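Enquirer: Here it is, the structure in full.
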Ligand code: CL7
Ligand SMILES: CCCCCCCCCCCCCCCC(=O)OC[C@H](COP(=O)(O)OC[C@@H](O)CO)OC(=O)CCCCCCCCCCCCCCC
Ligand SMILES: CC1=C(/C=C/C(C)=C/C=C/C(C)=C/C=C/C=C(C)/C=C/C=C(C)/C=C/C2=C[C@H](C)[C@H](O)CC2(C)C)C(C)(C)C[C@@H](O)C1
Ligand SMILES: CC1=CCCC(C)(C)[C@H]1/C=C/C(C)=C/C=C/C(C)=C/C=C/C=C(C)/C=C/C=C(C)/C=C/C1=C(C)CCCC1(C)C
Ligand SMILES: CC1=CCCC(C)(C)[C@H]1/C=C/C(C)=C/C=C/C(C)=C/C=C/C=C(C)/C=C/C=C(C)/C=C\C1=C(C)CCCC1(C)C
């Protein structure tokens with residue numbers, strides 16, 4: 021099925037069988053998202069069930085409550101959990117999202133048409149036809165997903181600034197913090213250029229909520245602009261086409277800029293692993309975004325967990341799928 | 002005919018008779034379990050749970066029974082130090098039935114039933130199932146049979162972990178304090194936090210048997226469905242049962258070694274209330290440290306719980322026995338009856354010195370009473386020698402706190418010498434030999450016998466694994 | 003000494019011995 | 016034959032001297048912690064430096080050092 | 017020319033020669 | 002060759018697929034990973050038992066019995 | 003129905019002597035410890 | 011032909027030596043074990059664990075160099091170069107005795123690799139692998155002496171330090187503290203080894219002295251000679267050589283079981299009736315009692331310095347003597 | 002929380018992976034070379 025390595029039709033590899041089946045692939049992703057959303061809500065409800073008021077969160081071993089309390093959910097002045105009901109509401113809403121995703125996945129796996137190339141010729145569904153070769157098709161997908169991520173980030177920032185704000189570590193309580201919008205100052209962190217001097221952990225030495233909220237505004241605007249870029253153009257440019265790549269497809273650097281299913285998957289996997297490593301640094305050092313009132317002070321274990329996951333995705337998955345895609349570029 | 006060391010190969014090609022001999026072996030094993038437990042019951046003294054526990058009494062299977070729930074007897078007595086109350090009142094309270102005698106009865110019944118099944122399968126060796134659809138030669142598929150067996154064992158492991166061990170639907174398991182004082186049979190709750198890998202915390206065991214249980218079930222299901230691979234199938238010769246024998250023997254040897262390790266080093270599975278103290282608790286001064294801290298914590302000497310002082314005797318160590326010193330420990334130094342109390346020694350100048358305790362290694366030790374500062378004060382010279390630092394020349398009194406010799410002060414040189422030797426043997430104690438004709442030479446507890454026997458078994462079974470692997474891999478040659 | 007020492011020695015001497023003699027006899031009777 | 020003779024002549028004595036100087040320059044004592052002949056004891060430090068604790072052995076040696 | 021035998025011969029000889037030199041050096045220590 | 006009832010029940014599990022294997026390597030690669038995984042697991046346990054590894058708040062000794 | 007797999011058991015005279023020597027020598031060695 | 015078949019054929023290719031798959035485990039592990047021993051004797055000293063000078067730098071002799079065991083305080087710690095003890099410091103790793111663990115563990119895996127290698131070679135040639143089963147004995151001895159014994163004791167400190175005089179110290183220590191010579195399993199081991207030497211000697215002499223004037243020797247003459255000289259003789263060649271194989275291996279296994287027994291102090295240290303009878307009257311004196319006295323003396327005179335960590339202090343008065 | 006001993010074990014896994022990878026890479030690469 022669009023691959024001939026040695027073992028394409030093995031049951032333990034059977035997911036590759038959906039390489040071209042667009043409808044089934046969409047269903048599979050939706051079901052997976054159902055899993056990813058079931059876990060948080062279920063474990064939040066389980067946590068709130070055993071939560072004790074006198075003891076502090078770091079001493080209760082909660083791995084989802086701290087992230088919710090960091091956003092001012094159910095906490096008051098002094099950083100103590102007051103009311104537990106909003107955590108329960110968050111869990112229930114994740115249950116709802118998971119149920120909707122699972123319904124969609126069941127529809128597209130069984131009721132929906134397996135391959136959208138078999139859609140009835142502009143039936144609201146041919147507009148969703150995509151091919152792992154044509155660039156234009158996948159461009160609009162990237163654009164719309166960027167739209168959603170950007171709207172999420174902007175919503176987070178707007179909530180922080182105007183409505184009910186976040187738990188600011190320095191001010192000791194939940195406040196609508198006034199954002200900092202000095203773009204050079206924000207983008208300096210990416211090279212470690214913190215105001216207090218260069219720092220080893222980029223983006224992680226922020227010492228005030230204003231920096232993070234301004235950065236989120238910047239990221240939201242940037243992602244919205246990129247969404248416009250990809251939705252409105254869909255055409256390959258001399259950046260993607262005609263860029264150097266080293267591969268045994270042709271021994272040595274080439275300017276081909278190849279495209280393939282495994283290659284797209286590999287770039288995505290590498291991106292995820294990189295985010296894992298960046299988050300590892302973040303939770304190791306940045307305690308503005310992780311108030312030790314909630315997550316505790318010692319946080320080497322969580323950072324190491326993130327590190328391992330990031331290495332597995334960036335090195336293992338990224339390399340494996342990149343090599344397979346480059347080899348499949350011998351068609 | 003066959004050589005005497007190959008007589009049992011006459012069942013190699015016969016699945017029915019192979020199953021028959023396995024069933025007969027199972028019948029023998031269950032019968033031995035029953036008979037051994039019966040004998041131990043018939044030679045037991047429930048009166049004294051403190052200075053004569055089961056491990057002092059040469060019990061072998063009673064601690065293994067007691068580990069996971071069985072404590073009382075139909076005659077009434079419990080091993081925890083209280084007459085058994087029939088707290089059972091309802092169904093799911095078979096606990097009044099599954100005492101020692103209930104387990105014995107069930108095991109003997111299983112022995113009989115398995116023996117009958119073995120006879121049946123020996124006679125009906127040619128059932129149609131052993132033969133494939135269209136070939137006279139009997140042929141079994143070992144991979145799927147392994148899958149079925151593994152699934153069964155995974156179900157039973159998951160049930161044991163989740164129901165029996167947790168106490169939800171079972172007696173639970175034996176738990177205790179760090180010093181072997183309070184011993185309950187209570188349920189445990191599983192926790193997946195990393196401290197469940199601590200071997201001495203029982204919460205791991207449940208957490209193991211649940212998760213591992215599930216792992217076997219999945220592992221069963223896969224093998225009940227999945228076929229082998231030509232590569233592996235040809236390499237390991239999966240069509241030949243001898244490979245199963247080789248791999249199983251290796252596994253069982255590894256299991257024996259791991260069990261010996263836990264038994265010798267102690268763990269949550271082996272509590273000292275059941276199997277007795279290890280040899281490292283004497284070496285590290287574990288109980289002496291604890292007692293000394295407790296007394297130093299303001300408690301008077303007579304207020305020290307007698308189990309905690311019995312554990313500090315060196316006669317309890319499993320590293321003081323012998324290979325042919327047979328029988329229970331009480332056949333050795335005799336059965337204890339009373340603790341004479343903690344003795345203290347003083348010399349002419351009134352300085353308080355202490356006796357150095359004999360390590361596990363030495364069969365005999367030279368008695369040396371030394372100043373706490375590391376200077377030898379007095380001693381007992383060799384059997385007949387002239388001295389300058391001596392017991393009498395310097396003169397030594399001994400005074401006893403608590404116990405039978407409370408407040409007493411022996412300054413009679415033979416008495417001081419006797420109690421010096423006792424003090425270097427741990428804690429002085431009242432031992433009786435007249436009841437059993439005890440020989441005064443020590444013996445090892447249940448823990449030592451376990452460790453020795455199964456280390457020998459593991460060592461032999463490794464050679465067995467090598468031999469059977471050789472006969473599997475070289476099958477074409479070994480004919 | 004051990005009252006069971008003599009019994010253990012006797013059974014150790016006897017059981018393998020009777021086993022071996024039985025095997026040899028039922029071998030030699032056969033041609 | 017002949018070719019390798021040049022390489023071995025150039026190299027082997029250099030390796031021999033490498034070991035020689037590794038001992039002579041006293042580097043081995045630092046690498047392996049082996050005491051100098053005067054380092055076994057001070058003028059009166061005739062006590063033995065025996066480790067008594069498993070957990071902090073290296074630091075205890077540093078005290079013995 | 018890097019045969020497995022070359023590796024083996026060198027992995028043996030190199031440390032062997034180094035240690036022979038070291039021991040010789042120790043022989044001349046007072 | 003008695004045709005018992007229980008034999009009828011169990012013959013399919015006994016030798017329906019007797020002597021059948023899939024060609025090549027099949028699932029053997031996946032098995033490899035599992036082995037390596039347990040090779041870590043056991044190893045970790047050993048060191049935890051050996052006090053080479055000291056997990057935080059996990060005192061591998063008789064003191065851990067505190068709480069029973 | 004007879005079982006094909008049945009086979010007799012053989013032990014010649016020399017093997018009997020070897021086995022008896024092994025057994026008697028082991029008994030002589032270990033009796034001094036069994037009596038303890 | 012995948013990469014695996016290429017690798018397999020490459021391993022099995024004829025060379026000066028045969029590598030096989032087993033080589034991947036044998037050669038690195040064997041080489042590391044040998045190198046560890048050589049380094050430990052040449053440079054590393056035991057001044058901090060046993061208070062000895064057991065290295066050439068110290069000025070020791072070939073008969074007195076030893077890779078001495080780790081200290082007593084470490085218990086049975088594996089002493090990894092990166093463990094809680096060494097913590098990555100090579101010098102502390104050497105001083106603490108980590109070279110002993112390095113050498114012994116890599117030796118274990120070298121022995122395992124060698125047994126696997128014999129399995130593989132016999133598989134290639136196509137003959138019964140009796141050689142591997144024979145080699146099973148040495149592995150039993152090694153595992154019993156260097157692993158099971160120190161594991162049954164307090165620490166690695168009681169294992170045999172890799173050396174010559176250190177091994178002699180181990181022998182004398184075993185006699186003093188476990189009374190090993192009186193252990194029946196050691197007696198079977200001694201009988202096995204001495205009988206193996208006897209079999210080798212007389213088999214060689216017989217084959218040389220019944221050579222045909224050209241298998242190659244008169245089995246009939248040898249059989250008659252031994253029957254009329256000694257009484258019994260091998261009339262079967264296969265039995266003769268299987269017996270030659272069987273005797274020393276069995277001796278090694280019996281000794282292995284003896285050594286695992288004494289690892290738990292489950293030792294045959296004394297005969298109870300003799301101790302009782304000696305207690306009743308002092309005139310009763312036998313060789314066993316004097317052996318007991320020698321054991322007492324060796325324990326007393328060796329303990330203060332052998333187990334230096336224990337800080338034993340026995341005065342002259344308590345030391346046993348022949349007065 | 003990570004302790005020094007656990008970090009040492011993790012570095013051990015790194016080094017062991019490196020050693021095994023270099024050994025296996027050398028073996029497979031040399032086998033592929035003189036095919
Ligand atoms: C001692 C090393 C060893 C081990 C532990 C071992 N085998 Mg063997 N072994 C077999 C099964 C077996 C099982 C099921 C099993 C594990 O449960 C073992 N083995 C294990 C049979 C398939 C096959 C033939 C079996 C066979 O013919 O057995 C005949 C044996 C007889 C009449 C008596 C031998 C005397 C023993 C002193 C018995 C003493 C009582 C007993 C100890 C009580 C304790 C119980 C328990 C704790 C041990 C076999 C062989 C054989 C040998 C040899 C040399 C061995 N083995 C060796 C081992 C064949 O020649 C021979 C062979 O294969 O040649 C063709
Ligand atoms: C649970 C109940 C258990 C009850 C006990 C069971 C006991 C079973 C039998 C045990 C003894 C078996 C003996 C077989 C004896 C026997 O028949 O041997 C001869 C036999 C010959 O094998 P073949 O295949 O050539 O012929 C087989 C037939 O002759 C007999 O089946 O070979 C072996 O058995 C190999 C092992 C020899 C072992 C002995 C070698 C050493 C001999 C000398 C040692 C003592 C002297 C030492 C002087 C210092
Ligand atoms: C295309 C190409 C390739 C790939 C090259 C690579 C690897 C390109 C890498 C591209 C990357 C990593 C792009 C990512 C850029 C990251 C950006 C732009 C992050 C911006 C984040 C900002 C601005 C946030 C800032 C904040 C916001 C945040 C909320 C916190 O409050 C902190 C604070 C305030 C710093 C090859 C390898 C195929 C060939 C190359 O030659 C060319
Ligand atoms: C043979 C003999 C009999 C007749 C007389 C005669 C004089 C000739 C006599 C010979 C005597 C002589 C001079 C013998 C010389 C012998 C010697 C020293 C041989 C030594 C070779 C040295 C070797 C391998 C060392 C290898 C070292 C290794 C891997 C190091 C391993 C390492 C360790 C130990 C710590 C961690 C780091 C690392 C690198 C993994
Ligand atoms: C028959 C019948 C049918 C219907 C139900 C009913 C209950 C009535 C049933 C009756 C069942 C009964 C009474 C079953 C009794 C079974 C018994 C007692 C089985 C035997 C157990 C004894 C065993 C294994 C022997 C072990 C002996 C061994 C190792 C040999 C040597 C020994 C070893 C190697 C270790 C050291 C000690 C020693 C002795 C040297």
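Protein chains in written order, with PDB author numbering: chain 4, 21 to 351; chain B, 2 to 480; chain M, 3 to 33; chain E, 16 to 80; chain F, 17 to 46; chain H, 2 to 69; chain L, 3 to 38; chain D, 11 to 224, 241 to 349; chain X, 2 to 36. The beta-carbon is built from N, C-alpha and C at its ideal position, and this holds for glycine as well.
#1: Quick check on residue 121 (chain 4): buried or exposed, where buried means 16 or more other Cβ atoms within 10 Å of its Cβ?
#2: Using a Cβ-Cβ cut-off of 8 angstroms, state whether residue 34 (chain F) counts as contacting chain E.
#3: Using a Cβ cut-off of 9 angstroms, which residues of the segment 310 to 333 of chain 4 contact any Cβ in chain H, in chain order?
#4: Go through the segment 309 to 366 of chain B residue by residue and report every complete run of the beta strand (DSSP E) that reaches 3 residues or more, in order.
#5: Report the residues of the segment 45 to 60 of chain H with a CB closer than 9 angstroms to any CB of chain D, ordered along the chain.
#6: Between residue 19 (chain X) and chain D, is any beta-carbon pair separated by less than 8 angstroms?
#7: How many Å lie between residue 75 (chain D) and residue 306 (chain B) at the Cα?
#8: If we ignore side chains and look at the alpha-carbon of each, how far apart do residue 21 (chain B) and residue 248 (chain B) end up?
#9: Does the CB of residue 297 (chain D) have a neighbour CB from chain L at under 8 angstroms?
#10: Within 10 angstroms of its Cβ, does residue 52 (chain B) collect 16 or more other Cβ (buried), or is it exposed?
#11: Indicate the three-state DSSP secondary structure (helix, strand or coil) for residue 16 (chain D) in the structure shown.
#12: Would you report the Cα separation of residue 36 (chain H) and residue 217 (chain B), rounded to the nearest angstrom?
#13: Let me make sure I understand the geometry here. Which of 327 (chain B), 120 (chain B), 183 (chain B), 310 (chain B) has the alpha-carbon closest to that of residue 337 (chain B)?
#14: Confirm, please, whether the CB-CB distance from residue 322 (chain 4) to residue 232 (chain 4) is below 8 angstroms.
#15: Are the C-beta of residue 32 (chain 4) and some C-beta of chain H separated by less than 8 angstroms?
#16: Less than 7 angstroms separating the Cβ of residue 112 (chain B) from some heavy atom of ligand 5?
#17: To the nearest angstrom, how far is it from the Cα of residue 34 (chain F) to the Cα of residue 458 (chain B)?
#18: Is it true that the CB of residue 265 (chain 4) sits closer than 8 angstroms to the CB of residue 341 (chain 4)?
#19: Verify the CB distance criterion: does residue 33 (chain M) have a CB-CB separation below 8 angstroms to chain L?
#20: Within the present structure, is the beta-carbon of residue 136 (chain D) separated from the nearest heavy atom of ligand 1 by less than 7 angstroms?
#21: Would you mind telling me which residues of chain 4 sit closer than 9 angstroms to residue 3 (chain X), beta carbon to beta carbon, in chain order?
#22: Using a threshold of 8 angstroms, state whether the C-beta atoms of residue 453 (chain B) and residue 254 (chain B) are closer than that.
#23: Is there at least one Cβ from chain E nearer than 8 angstroms to residue 99 (chain D)'s Cβ?
#24: Just to confirm the assignment, what range does the alpha helix (DSSP H) spanning residue 344 (chain 4) have?
#25: Could you check how far apart the C-beta atoms of residue 447 (chain B) and residue 276 (chain B) are, in whole angstroms? I think they sit under 8 angstroms.
Expert: So, to answer that:
#1: Looking at its Cβ environment, which holds 16 or more other Cβ atoms inside 10 Å, residue 121 (chain 4) is buried.
#2: Chain E contact via Cβ: present.
#3: Cβ contacts with chain H come from 318, 321.
#4: Entirely contained in the segment 309 to 366 of chain B, the beta strand (DSSP E) runs reaching 3 residues are, in chain order, 336 to 340, 343 to 348, 353 to 356.
#5: The segment 45 to 60 of chain H vs chain D, Cβ under 9 angstroms: 47, 48, 51, 52, 53, 54, 55.
#6: Interface flag for residue 19 (chain X) against chain D is unset, since no Cβ pair is found closer than 8 angstroms.
#7: Rounded to the nearest whole angstrom, the C-alpha separation of residue 75 (chain D) and residue 306 (chain B) is 52 angstroms.
#8: Approximately 21 angstroms, taken between the alpha carbons.
#9: Look at residue 297 (chain D): its C-beta is under 8 angstroms from a C-beta on chain L.
#10: Under this definition residue 52 (chain B) is a buried residue.
#11: Shown here, residue 16 (chain D) sits in a helix according to DSSP, grouped into three states.
#12: Their Cα atoms are separated by approximately 14 angstroms.
#13: Ranking 327 (chain B), 120 (chain B), 183 (chain B), 310 (chain B) by CA distance to the CA of residue 337 (chain B) puts 310 (chain B) first.
#14: No, they are not a contact pair.
#15: The beta carbon of residue 32 (chain 4) falls within 8 angstroms of a beta carbon belonging to chain H, placing the residue at that interface.
#16: Residue 112 (chain B) has its CB nearer than 7 angstroms to a heavy atom of ligand 5.
#17: Straight-line spacing of the CA atoms in residue 34 (chain F) and residue 458 (chain B) works out to 47 angstroms.
#18: Here residue 341 (chain 4) is not near residue 265 (chain 4), since their CB atoms are 8 angstroms or more apart.
#19: With respect to chain L, the C-beta atom of residue 33 (chain M) has no partner C-beta closer than 8 angstroms.
#20: For ligand 1, not one heavy atom lies less than 7 angstroms from the Cβ of residue 136 (chain D).
#21: Going along chain 4 in sequence order, the residues near residue 3 (chain X) (Cβ under 9 angstroms) are 318, 320, 321, 323, 324.
#22: Using a Cβ distance threshold of 8 angstroms, residue 453 (chain B) and residue 254 (chain B) do not count as a contacting pair.
#23: Chain E places a beta carbon closer than 8 angstroms to that of residue 99 (chain D), counting this residue as a contact.
#24: That run of the alpha helix (DSSP H) goes 338 to 348.
#25: Correct: roughly 5 angstroms between the Cβ atoms.
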